[PDB]
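**Q** Just passing along the structure, written as structure tokens.
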Amino acid sequence: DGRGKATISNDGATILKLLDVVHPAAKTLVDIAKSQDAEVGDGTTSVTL
Amino acid sequence: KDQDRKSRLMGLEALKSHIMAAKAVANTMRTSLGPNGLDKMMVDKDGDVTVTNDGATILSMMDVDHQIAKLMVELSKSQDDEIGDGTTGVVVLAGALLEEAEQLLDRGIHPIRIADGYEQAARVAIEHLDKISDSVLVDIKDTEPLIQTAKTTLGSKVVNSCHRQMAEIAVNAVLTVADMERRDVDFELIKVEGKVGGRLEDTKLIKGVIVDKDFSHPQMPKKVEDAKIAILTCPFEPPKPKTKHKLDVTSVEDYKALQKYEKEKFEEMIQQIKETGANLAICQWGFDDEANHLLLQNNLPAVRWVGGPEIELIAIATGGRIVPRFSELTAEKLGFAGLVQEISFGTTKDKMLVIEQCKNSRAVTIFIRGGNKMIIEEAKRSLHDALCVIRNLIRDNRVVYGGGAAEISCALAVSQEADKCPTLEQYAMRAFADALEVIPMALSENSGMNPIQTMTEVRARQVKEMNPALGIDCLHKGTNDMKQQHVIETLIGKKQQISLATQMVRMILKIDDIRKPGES
Amino acid sequence: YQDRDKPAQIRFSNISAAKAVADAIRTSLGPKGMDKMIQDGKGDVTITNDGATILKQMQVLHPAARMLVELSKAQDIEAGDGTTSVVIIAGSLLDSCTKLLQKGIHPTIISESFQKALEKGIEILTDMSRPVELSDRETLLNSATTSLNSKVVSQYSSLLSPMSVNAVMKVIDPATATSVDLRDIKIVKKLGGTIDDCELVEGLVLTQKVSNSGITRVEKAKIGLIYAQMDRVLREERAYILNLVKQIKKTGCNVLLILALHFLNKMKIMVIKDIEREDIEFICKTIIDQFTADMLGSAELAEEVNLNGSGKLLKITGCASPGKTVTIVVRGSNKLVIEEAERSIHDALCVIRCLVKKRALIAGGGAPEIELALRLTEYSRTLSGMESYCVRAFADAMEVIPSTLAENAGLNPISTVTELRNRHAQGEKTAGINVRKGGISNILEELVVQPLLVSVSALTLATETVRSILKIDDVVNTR
Amino acid sequence: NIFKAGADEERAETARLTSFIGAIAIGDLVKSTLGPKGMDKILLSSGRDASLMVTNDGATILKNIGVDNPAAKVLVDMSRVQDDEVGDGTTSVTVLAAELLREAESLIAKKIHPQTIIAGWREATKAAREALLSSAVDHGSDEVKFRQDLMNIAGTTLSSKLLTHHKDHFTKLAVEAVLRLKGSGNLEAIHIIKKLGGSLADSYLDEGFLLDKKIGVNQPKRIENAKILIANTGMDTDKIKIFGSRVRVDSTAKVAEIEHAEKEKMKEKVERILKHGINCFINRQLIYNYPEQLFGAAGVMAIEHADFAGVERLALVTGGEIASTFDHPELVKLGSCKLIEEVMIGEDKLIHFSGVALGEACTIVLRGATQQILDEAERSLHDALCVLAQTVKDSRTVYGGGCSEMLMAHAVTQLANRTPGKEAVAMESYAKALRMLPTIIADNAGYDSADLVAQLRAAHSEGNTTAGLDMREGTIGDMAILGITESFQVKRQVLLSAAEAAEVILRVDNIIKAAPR
Amino acid sequence: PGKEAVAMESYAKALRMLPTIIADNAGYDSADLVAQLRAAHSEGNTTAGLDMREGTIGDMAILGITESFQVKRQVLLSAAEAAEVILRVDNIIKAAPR
Amino acid sequence: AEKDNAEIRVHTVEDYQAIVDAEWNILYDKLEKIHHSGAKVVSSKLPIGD
């Protein structure tokens, strides 16, 4: 991030939160991953891929 | 946000770029490995200049922006709690594993599959170290062989002149604070100080806490045999604030009035010392000329202007407590010690306070004398790894002969175990063998000899001449077989060099991308 | 050869920068020298032929060339004459060293060789000089008058010459003391009157007025150098002022060298204030808690004489103190009249000062330089080693002075110095260039002479500067 | 992106060149000043034209110049220690250490490892040091021969200085000052006086420890059995070294109260001074006239305006004590002086002692036209007193002028005959650097270096251990007959310091410069 | 004397270049072998030489390696006279080709 | 501590004994309020002095 600290993990939910892509169609798939956490809580990498 | 100007590195070129950034650190420290390793010039941000070959000190002073290069620095904090000597050897070994991994990426082998090969070959090398290891102090605790081992470690530093005397001090210091049977030695209980002047042969072992402060008055008693210690945050006198008193005296009427009130406070607190039975009074501030005048008549020595962190170190070592005010004084809060003396240095006015227990204790402090501050600073690091060598021998007395004999003997077993793995990880086991050969190879290169002719010559000796491992002489001694040269490193250190180097290579290979935004 | 490292590049940079200064001032040498036009940065344009003035306006940034500027200043302090000649001689020496360094001769050999030629050069000019008597005031009058004729004012030189002679002979024992202090003679110039009126005062004469103090006369003076509450403060300010006066009154000091105007009048103390430090040094040699009587001077009668053309002056005579000092009062119509009158006195005092230290007279018009170059050539034949070519280069560099005077006189520079060399071979130093008649003539009959100290100090000071420049290996910029 | 934004690190190839080029540039700068014929140099600060000056001193050049290279900074620090401790050989250390690094750079191009070069110089250093010990000749007896050696060493130290012309008269001043000492080499006992007026040949000398300072206004010119007591405090007025404290004055009577309070405070101070029973008093601060009259009424000589160097020197010469606190009487040691007389030298009042305890001290009075001449006269004289005091402690002397430098180079060459393979080439370059010192001396004198230096090799090859260079006649002759010699401790110090300085540069293969603040 | 001393050292240095090049073409270390021979022939042991077979220094009389005297005397003289002509010529005058 | 301190400037010498005690009184009060409720286990996020 802008602070200089590095985040290391394979979690798909955490990576998508840090990207924050400005493309409008890209924000749609990001929002679907957030709804995946409330209903289930995992599989965000599978749904996006 | 801030997607534009965001530095991104991905793909197969990302791994080759991370290895290149890691080899830049390994190629820098490989010249300083060994006792003959060349030094490094350090220019501080404030303009200071220091010269040291210590690997742990270099990594702390290196400022690297690259992320993978920062991971190599964080490894030093983990190893210094164990070895503190061959820390450079781990960075060199980590750079050799990544350098040989570059040849495997061209063949199309997946990075995770390469990391599995190193982990599989690491356990074979660690297992081989247990067979060839020999003991020393097994079943019998003796200080005679323990002192000779520490004499070799100090030979690589600038203290190599006085190296023989400083070995007996580190032995008696660790055995005092903890028992070898306990196998628990804390570094927080051991302190190291020093001051310019004198020589390194004047190093002494004082059991207790020592800080440099003078007495409240020079005529105070210099020797207190009984143990009474009053540690307070306030001096003995009418109460004064922490900054400025600023007494208001309008005329002589207020002078004679307040002086009588002060005179009552003069004899009250000084005679209060004998009420609690205390002898030595440790106060954070100093005393007036009248306060020291009453101490000379009652024979009550004291220390003035004690520092903030010094108060906590004295109460812990002497077994006392911090007393905020004289109203809470009691017999339980008094500190103990065997002797209290004031030892000056030459003509210097320092006169460091000396607190001696006259017996064993749980904390000791080693003091070093020398003609240069940089030499004393390097003498402090000279004892740092020396304590780790003694501590490792207390935990496990099994040792493996160093000087490159350990790394070469392991690659012979790993290369044979490679043909027993019908799988793509076989290549990683072969590359792991050539990587272990780099550490003993850098020793001969720093000695001004042909690296390759020295390496292959030792291989033939261990296979043919004798089964025990033979080392390489970097000091230009008589011959090989460092067992006669008494160059020996602990077995715990050998297991950590392979384990920590495997962790770093495994983490670097599994990271395929580095992201970070730029200035917008 | 190779010569990878070239320290001689700075040597050539020092010679080029030093020669550029000597080449400029060369055309201004001699009474017939061409005038030069100097334009100030503000746009002001001036024209002067004086070499000492132009060198100060050049603004020389080069370190080695500044040494020649300081060399001209050291020449005016000692001899006071020949400022332009020194810069030209020092410029021709460094130019001759260029041909020597190309031959591979080491500077220390060149530097030590000029010293032997300098010691021999002094003996040559001394043996050919004319010994004169210092006690004789007829020679001092003629030597100063003919010298000031080549200066700006040639008409009034007959008046100002005996004023300077009688001043020096009063403050200096004739034919006894070899040292003369020019600061012991003060010259005061004022507007009004004429140069025909001059007064030599044995005491001191200043420019200050005693206003507003009305005492104006002190005989036998010891001179020394140093609403109710609102009204009460005015009484206390008078107490502090009078307090410091009481301590002065106890010592007996009647004249002080600097509401209090009235307190000094009650004590009959003459007020002398607003005095320059350089003017104090003239009074220093002539005559509050640390103020005592031992540091006080002495005087006979002090007073302020106000004349028509001399303005307001303080006339103090009969100092009665160990020393010898005089004072000259100068009058004139305008400021330029008294300016050149005083400047002619400084030139007169310097020539007399040169005659006191060294008693001798030599001919002018390039005569000392040709005779010097003639004998050093024969002296170079007896020497052996590298000193043979070094002395010849030192001798041939003396030809620039006569060739310059012949060029400003309209004659042929090459043919003039050639004919004169053979005249000095058969004859004596009397031969030379006469700029008044525009041709070769005997300088002895022309009554053109200069004191020996001018030529000796010209060779001594210039040689030490040339040797100092050659010994410089390089320059280092510190911070 | 390893080191950016002010952080620079030169690699093994570049930090190699940078280390030597920075160090060699320092040695090549001051090499022109070696020898009595050495060149001058101009020092001018950037932005200020008042720093112009010309000096041939190698120590002064290195102090004023700045050094941005950490490799060259070590060489500069080793030169200042040479000037501050021994005082002689500042240029010799810098030049010799630079020649070792210049030859070591050519050996690295041959792929000779730096650690091997270091192993060669250590063995050659011991062989070169034993050569001076075998050629060192001292004198136990024959003080005439011992005094003559002091004049040759003093005349050698004063060479290539401002006093080199008049040094013939100065050799008698420096030697006599050290000859009268006859004891510990403490230099505080020999005072130095700088007075304006007169030429350099007018410098006088006093063996009674003459003081450079004048005391009081009216003081007694003679005193019998004067007890010396030093004190440190303001003797003038109130508010000494006190800033921020004011006094409310409403009228003139308040000022008179301060004058009475001042005389009251001074009276109490004079009483405590007189309780010591002393005939003389010394203080650093100036003494006011009122306590001066209180000292003169009791016979106590009032000494004022003392400096930091005075209290240290007046204590050992007179056998006294610093005694900063005169409050408690008779707890301090008092000095011993037979007579204190007033001597006027240079139109100034000076203080002359007599018969002091350990009266082997003395004082040299310099005479010059300006202060810049006197300052350079003291620096050239003080450097001479350092080596002469060292000569008293160790009387061994060796012959200079290329004699000792060439002899050490011959012993290293013979050592190259018995040696392993790689150490042979390393010690040869060490011997070549020792021959560079007599070579540079001949270059600054204009003489042919290749002719004179090469004949010294054939001279010291078979016998003739005393041969050397003669700058006067430009030939080779006996150094013992010509009277050119230097102390033994100077050669051993320059030889070891130059070897230790060049050893540190080789041990550094990389230079890490952090980001400047 | 002085000026002839430097010229002889360069002549002796060229003779040491012959065994140096022989060691370089054999892949060995010329710095060690040539330096040991100079130290060997410095005091005694006039028969020491290089052994290309074993890669070390040994006696030439025992190993049976020798060369004719007329050959070495001719190589020594023909090399000195050839370098003397080239060194003496400071200028080359070329004409027009025919 | 960086958070809770006591700074009072008075010209009275006798008040200095109370101010030093008042700074310890605030700390003693915070320790007494815990004892007033009878809490045996004290878990603090910020450090606790000796």
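Each chain in the structure tokens gets a letter, A, B and so on, in the order shown; residues start at 1 in every chain, and ligands are counted from 1 in the order they appear.
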Contacts of residue A:33 at 7 Å or less, counting only C-alpha atoms, minus same-chain residues fewer than 4 places along, as a list in words?
**A**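 Counting only C-alpha atoms, the residues come to residues 29, 37 and 44 of chain A.
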**Q** Need to verify the contact set: residue B:374, 10 Å, only C-alpha atoms, exclusion of same-chain residues closer than 6 positions in sequence. Can you return it as an MDAnalysis selection string?
**A** chainID B and resid 49:52 196 380
**Q** Find the residues of chain B in contact range of chain E, meaning any atom within 12 Å when counting only C-alpha atoms, and list them as number ranges by chain.
**A** B: 449-450, 453
**Q** Can you pull out the residues contacting residue C:354? Cut-off 8 Å, using only C-alpha atoms, and skip same-chain residues under 2 positions away; I want them as a PyMOL selection string.
**A** chain C and resi 79+350-352+356-359+451-454
**Q** Please produce a file of the residues just selected, as a short mmCIF file (atom, residue, chain, number, x, y, z; two decimals), in the first residue's frame, where the atoms kept are N, CA, C and O atoms.
**A**
```
data_model
loop_
_atom_site.label_atom_id
_atom_site.label_comp_id
_atom_site.auth_asym_id
_atom_site.auth_seq_id
_atom_site.Cartn_x
_atom_site.Cartn_y
_atom_site.Cartn_z
N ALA C 79 60.05 54.01 -1.79
CA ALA C 79 60.63 55.07 -2.60
C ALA C 79 59.63 56.16 -2.96
O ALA C 79 59.96 57.35 -2.91
N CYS C 350 59.13 62.24 -0.84
CA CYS C 350 59.61 60.90 -1.14
C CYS C 350 61.00 60.94 -1.78
O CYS C 350 61.86 60.12 -1.45
N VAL C 351 61.23 61.89 -2.68
CA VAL C 351 62.55 62.02 -3.30
C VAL C 351 63.60 62.39 -2.25
O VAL C 351 64.72 61.87 -2.27
N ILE C 352 63.25 63.29 -1.33
CA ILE C 352 64.18 63.64 -0.26
C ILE C 352 64.41 62.45 0.67
O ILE C 352 65.53 62.21 1.12
N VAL C 356 68.00 60.47 1.80
CA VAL C 356 68.50 60.31 3.16
C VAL C 356 68.97 58.88 3.40
O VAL C 356 70.05 58.65 3.95
N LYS C 357 68.16 57.90 2.98
CA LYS C 357 68.53 56.51 3.18
C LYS C 357 69.74 56.13 2.33
O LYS C 357 70.68 55.49 2.82
N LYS C 358 69.74 56.53 1.05
CA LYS C 358 70.84 56.27 0.13
C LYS C 358 71.23 57.60 -0.50
O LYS C 358 70.42 58.23 -1.18
N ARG C 359 72.47 58.04 -0.26
CA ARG C 359 72.96 59.30 -0.81
C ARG C 359 73.69 59.00 -2.12
O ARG C 359 74.80 58.45 -2.14
N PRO C 451 67.05 59.73 -7.49
CA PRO C 451 67.80 59.13 -6.39
C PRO C 451 68.05 57.65 -6.62
O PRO C 451 67.33 56.97 -7.35
N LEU C 452 69.10 57.15 -5.96
CA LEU C 452 69.52 55.76 -6.15
C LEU C 452 68.50 54.77 -5.61
O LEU C 452 68.38 53.66 -6.15
N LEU C 453 67.76 55.14 -4.56
CA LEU C 453 66.82 54.20 -3.95
C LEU C 453 65.70 53.80 -4.90
O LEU C 453 65.15 52.70 -4.78
N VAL C 454 65.36 54.67 -5.86
CA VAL C 454 64.29 54.35 -6.79
C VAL C 454 64.67 53.17 -7.67
O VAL C 454 63.89 52.24 -7.87
#
```
**Q** Residues within 9 Å of residue D:135, please, as an MDAnalysis selection string. Count only C-alpha atoms; anything in the same chain fewer than 2 positions from it doesn't count.
**A** chainID D and resid 130:133 137 397:399 404 465
**Q** Using N, CA, C and O atoms, can you export the residues from the last selection as a PDB file, in the first residue's frame?
**A**
```
ATOM      1  N   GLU D 130      64.277  -3.509  11.283  1.00  0.00           N
ATOM      2  CA  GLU D 130      65.534  -3.984  11.850  1.00  0.00           C
ATOM      3  C   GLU D 130      66.736  -3.335  11.176  1.00  0.00           C
ATOM      4  O   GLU D 130      67.823  -3.289  11.764  1.00  0.00           O
ATOM      5  N   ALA D 131      66.565  -2.834   9.951  1.00  0.00           N
ATOM      6  CA  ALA D 131      67.669  -2.172   9.266  1.00  0.00           C
ATOM      7  C   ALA D 131      68.026  -0.854   9.942  1.00  0.00           C
ATOM      8  O   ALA D 131      69.209  -0.501  10.040  1.00  0.00           O
ATOM      9  N   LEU D 132      67.022  -0.113  10.413  1.00  0.00           N
ATOM     10  CA  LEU D 132      67.297   1.137  11.116  1.00  0.00           C
ATOM     11  C   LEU D 132      67.912   0.874  12.483  1.00  0.00           C
ATOM     12  O   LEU D 132      68.754   1.647  12.954  1.00  0.00           O
ATOM     13  N   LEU D 133      67.500  -0.214  13.139  1.00  0.00           N
ATOM     14  CA  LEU D 133      68.039  -0.531  14.457  1.00  0.00           C
ATOM     15  C   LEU D 133      69.517  -0.892  14.375  1.00  0.00           C
ATOM     16  O   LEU D 133      70.295  -0.568  15.281  1.00  0.00           O
ATOM     17  N   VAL D 137      72.964   4.897  15.633  1.00  0.00           N
ATOM     18  CA  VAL D 137      74.159   5.206  16.410  1.00  0.00           C
ATOM     19  C   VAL D 137      73.807   6.301  17.407  1.00  0.00           C
ATOM     20  O   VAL D 137      73.494   7.429  17.008  1.00  0.00           O
ATOM     21  N   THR D 397      70.258   7.986  16.713  1.00  0.00           N
ATOM     22  CA  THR D 397      70.088   8.857  15.560  1.00  0.00           C
ATOM     23  C   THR D 397      70.465   8.102  14.295  1.00  0.00           C
ATOM     24  O   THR D 397      71.330   7.222  14.311  1.00  0.00           O
ATOM     25  N   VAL D 398      69.804   8.458  13.196  1.00  0.00           N
ATOM     26  CA  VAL D 398      70.074   7.873  11.890  1.00  0.00           C
ATOM     27  C   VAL D 398      70.301   8.997  10.891  1.00  0.00           C
ATOM     28  O   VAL D 398      69.940  10.152  11.135  1.00  0.00           O
ATOM     29  N   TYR D 399      70.903   8.649   9.758  1.00  0.00           N
ATOM     30  CA  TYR D 399      71.233   9.637   8.741  1.00  0.00           C
ATOM     31  C   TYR D 399      70.070   9.809   7.773  1.00  0.00           C
ATOM     32  O   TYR D 399      69.555   8.829   7.225  1.00  0.00           O
ATOM     33  N   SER D 404      68.546   6.845   4.986  1.00  0.00           N
ATOM     34  CA  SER D 404      67.787   5.831   5.710  1.00  0.00           C
ATOM     35  C   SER D 404      66.699   5.221   4.835  1.00  0.00           C
ATOM     36  O   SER D 404      66.381   4.034   4.968  1.00  0.00           O
ATOM     37  N   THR D 465      77.187   2.497   3.736  1.00  0.00           N
ATOM     38  CA  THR D 465      75.858   2.596   4.340  1.00  0.00           C
ATOM     39  C   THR D 465      75.502   4.043   4.668  1.00  0.00           C
ATOM     40  O   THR D 465      74.350   4.379   4.935  1.00  0.00           O
TER      41      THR D 465
END
```
**Q** For atom CA of residue C:298 and atom CA of residue C:319, quote the distance in Å rounded to one decimal.
**A**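 We find that atom CA of residue C:298 and atom CA of residue C:319 lie 5.4 Å from each other.
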**Q** Considering only C-alpha atoms, return as a list in words whatever protein or nucleic-acid residues lie within 8 Å of residue C:132, sequence-local ones (same chain, fewer than 3 positions apart) excluded.
**A**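 Near residue C:132, the qualifying residues are residues 139, 359, 360 and 361 of chain C.
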**Q** May I have the residues from that selection written out with C-alpha atoms, as a compact mmCIF listing (two decimals), in the first residue's frame?
**A**
```
# COMPACT_ATOMS: atom_id res chain seq x y z
CA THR C 139 71.54 69.99 -4.19
CA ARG C 359 72.96 59.30 -0.81
CA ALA C 360 73.59 59.17 -4.56
CA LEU C 361 72.30 60.42 -7.91
```
**Q** Identify, on the basis of only C-alpha atoms, every residue whose closest approach to stretch 464-471 of chain C does not exceed 9 Å; exclude the query and any residue fewer than 6 positions from it along the same chain; express the result as a list in words.
**A**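 Close residues of stretch 464-471 of chain C: residues 11, 14, 15, 64, 67, 68, 71, 90, 91, 93, 94, 97, 107, 108, 110, 111, 112, 114 and 115 of chain C; 38, 39, 40 and 41 of chain D.
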**Q** I want to know what sits within 10 Å of stretch 160-164 of chain C, based on only C-alpha atoms, with residues of the same chain fewer than 2 positions away left out; could you give that as a compact mmCIF listing (two decimals) with N, CA, C and O atoms, in the first residue's frame?
**A**
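Writing the result to selection-v1.txt gives the following:
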```txt
# COMPACT_ATOMS: atom_id res chain seq x y z
N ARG C 137 71.86 72.01 1.14
CA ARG C 137 70.50 72.30 0.73
C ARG C 137 70.40 72.84 -0.69
O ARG C 137 69.29 73.05 -1.18
N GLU C 138 71.53 73.08 -1.35
CA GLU C 138 71.48 73.52 -2.74
C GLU C 138 71.21 72.34 -3.67
O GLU C 138 70.46 72.47 -4.65
N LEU C 140 69.66 69.53 -2.71
CA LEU C 140 68.30 69.10 -2.41
C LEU C 140 67.27 69.97 -3.11
O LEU C 140 66.20 69.48 -3.50
N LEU C 141 67.56 71.26 -3.28
CA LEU C 141 66.64 72.16 -3.97
C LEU C 141 66.63 71.89 -5.47
O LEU C 141 65.57 71.87 -6.10
N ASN C 142 67.81 71.68 -6.05
CA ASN C 142 67.89 71.46 -7.49
C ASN C 142 67.37 70.08 -7.88
O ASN C 142 66.72 69.93 -8.92
N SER C 143 67.64 69.06 -7.06
CA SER C 143 67.17 67.71 -7.37
C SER C 143 65.66 67.63 -7.29
O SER C 143 65.02 66.90 -8.06
N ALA C 144 65.06 68.36 -6.35
CA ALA C 144 63.61 68.35 -6.21
C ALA C 144 62.92 69.22 -7.26
O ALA C 144 61.85 68.86 -7.75
N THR C 145 63.53 70.36 -7.61
CA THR C 145 62.91 71.25 -8.59
C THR C 145 62.87 70.61 -9.97
O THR C 145 61.84 70.62 -10.65
N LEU C 148 60.27 67.81 -9.99
CA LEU C 148 58.88 68.25 -10.02
C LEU C 148 58.52 68.96 -11.32
O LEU C 148 57.33 69.17 -11.58
N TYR C 156 55.16 76.20 -9.85
CA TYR C 156 55.22 76.44 -8.41
C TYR C 156 56.17 75.47 -7.70
O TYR C 156 56.25 75.50 -6.47
N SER C 157 56.87 74.62 -8.46
CA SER C 157 57.81 73.69 -7.84
C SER C 157 58.93 74.42 -7.11
O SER C 157 59.46 73.91 -6.12
N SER C 158 59.29 75.61 -7.58
CA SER C 158 60.33 76.39 -6.91
C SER C 158 59.89 76.88 -5.54
O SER C 158 60.74 77.09 -4.67
N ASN C 166 63.22 72.44 4.14
CA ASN C 166 63.34 73.00 5.47
C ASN C 166 62.54 72.20 6.49
O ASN C 166 62.83 72.25 7.69
N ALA C 167 61.52 71.47 6.03
CA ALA C 167 60.74 70.65 6.95
C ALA C 167 61.50 69.38 7.33
O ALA C 167 61.51 68.99 8.50
N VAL C 168 62.13 68.73 6.35
CA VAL C 168 62.87 67.50 6.63
C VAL C 168 64.14 67.79 7.41
O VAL C 168 64.46 67.10 8.38
N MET C 169 64.88 68.83 7.01
CA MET C 169 66.10 69.19 7.72
C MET C 169 65.81 69.61 9.16
O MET C 169 66.70 69.54 10.02
N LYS C 170 64.58 70.06 9.43
CA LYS C 170 64.22 70.40 10.80
C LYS C 170 63.90 69.15 11.62
O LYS C 170 64.29 69.05 12.78
N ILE C 185 55.35 64.82 9.16
CA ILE C 185 55.13 66.11 8.51
C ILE C 185 53.69 66.11 8.01
O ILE C 185 53.33 65.30 7.15
N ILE C 195 49.11 79.91 -3.53
CA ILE C 195 50.23 79.05 -3.15
C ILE C 195 51.42 79.88 -2.70
O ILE C 195 52.29 79.39 -1.97
N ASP C 196 51.46 81.16 -3.09
CA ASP C 196 52.56 82.03 -2.67
C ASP C 196 52.62 82.17 -1.16
O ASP C 196 53.68 82.49 -0.61
N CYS C 198 52.67 80.38 2.29
CA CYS C 198 52.89 79.10 2.96
C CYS C 198 53.54 79.37 4.31
O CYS C 198 54.34 80.30 4.46
N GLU C 199 53.20 78.53 5.29
CA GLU C 199 53.72 78.69 6.64
C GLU C 199 54.16 77.33 7.16
O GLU C 199 53.36 76.39 7.18
N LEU C 200 55.42 77.23 7.57
CA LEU C 200 55.95 76.02 8.19
C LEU C 200 55.85 76.18 9.70
O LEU C 200 56.52 77.01 10.30
N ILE C 328 52.91 72.02 7.68
CA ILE C 328 52.91 72.90 6.53
C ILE C 328 51.47 73.33 6.26
O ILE C 328 50.56 72.49 6.20
N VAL C 329 51.26 74.64 6.09
CA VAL C 329 49.96 75.20 5.76
C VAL C 329 49.96 75.60 4.29
O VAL C 329 50.86 76.32 3.83
N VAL C 330 48.95 75.15 3.55
CA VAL C 330 48.87 75.39 2.12
C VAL C 330 47.59 76.16 1.81
O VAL C 330 46.51 75.84 2.31
N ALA C 341 48.96 71.00 -5.21
CA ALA C 341 50.01 71.57 -4.36
C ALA C 341 50.47 70.57 -3.31
O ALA C 341 51.67 70.43 -3.05
N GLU C 342 49.52 69.85 -2.69
CA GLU C 342 49.89 68.83 -1.72
C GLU C 342 50.47 67.59 -2.38
O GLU C 342 51.41 66.99 -1.84
N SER C 344 52.28 67.52 -5.00
CA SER C 344 53.67 67.83 -5.31
C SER C 344 54.55 67.78 -4.07
O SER C 344 55.76 67.57 -4.19
N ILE C 345 53.96 67.97 -2.89
CA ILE C 345 54.74 67.87 -1.65
C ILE C 345 55.07 66.42 -1.35
O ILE C 345 56.20 66.10 -0.95
N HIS C 346 54.11 65.51 -1.53
CA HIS C 346 54.37 64.09 -1.30
C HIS C 346 55.47 63.59 -2.23
O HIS C 346 56.36 62.85 -1.80
N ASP C 347 55.43 63.99 -3.50
CA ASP C 347 56.48 63.60 -4.43
C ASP C 347 57.81 64.24 -4.04
O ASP C 347 58.88 63.66 -4.28
N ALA C 348 57.77 65.43 -3.44
CA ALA C 348 59.00 66.08 -3.01
C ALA C 348 59.57 65.41 -1.76
O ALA C 348 60.79 65.26 -1.63
N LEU C 349 58.69 65.00 -0.84
CA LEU C 349 59.17 64.36 0.39
C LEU C 349 59.72 62.97 0.12
O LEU C 349 60.67 62.54 0.78
N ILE C 352 63.25 63.29 -1.33
CA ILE C 352 64.18 63.64 -0.26
C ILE C 352 64.41 62.45 0.67
O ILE C 352 65.53 62.21 1.12
```
**Q** Go through B:134, B:85, B:184, B:445 and flag the residue nearest chain D, using only C-alpha atoms for the distances.
**A**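 Closest to chain D of all the choices is B:445.
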**Q** Compute the chain D side of the contact with chain B at 8 Å, counting only C-alpha atoms, and hand it back as a VMD selection string.
**A** chain D and resid 1 to 3 70 112 to 116 507 to 517
**Q** Grab the atom CA of residue D:469 to atom CA of residue D:90 distance for me, in Å with one decimal place.
**A**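 Distance between the two atoms: 20.6 Å.
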